[PDB]
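Remarks on the structure that follows.
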Amino acid sequence: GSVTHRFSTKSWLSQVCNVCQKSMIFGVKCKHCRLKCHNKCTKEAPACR
Ligand SMILES: [Zn+2]
Ligand SMILES: [Zn+2]
Numbered sequence: 330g331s332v333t334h335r336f337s338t339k340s341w342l343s344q345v346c347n348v349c350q351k352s353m354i355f356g357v358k359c360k361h362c363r364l365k366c367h368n369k370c371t372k373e374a375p376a377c378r
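Read the sequence shown against the deposited numbering and you will find it ends at 378, with the numbers running on by one and no gaps.
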């Protein structure tokens, strides 16, 4: 079928990117593995195991 995980958007308030970690509120939820990362930051964040 497809091994592509679907990401979602989230922005609480006091949350920080789990990749570059900076002043902002950007987060993405990856299923199959369950991870959090900037709106994208794919260049920094690793590959969804
Ligand atoms: Zn980031
Ligand atoms: Zn995943």
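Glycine included, C-beta positions come from ideal geometry on N, C-alpha and C.
Residue span of the beta strand (DSSP E) that contains residue 278, given as start and end: With the chain covering 330 to 378 only, the question about residue 278 has no answer from this structure.
Separation of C377 from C362, as counted between CA atoms: 7 Å
Within the stretch 332–360, ranges of the alpha helix (DSSP H) (whole runs, at least 4 residues): none
Contacts around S340, its chain only, beta-carbon distance under 8 Å, and the 5 residues preceding and following it disregarded: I354, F355, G356
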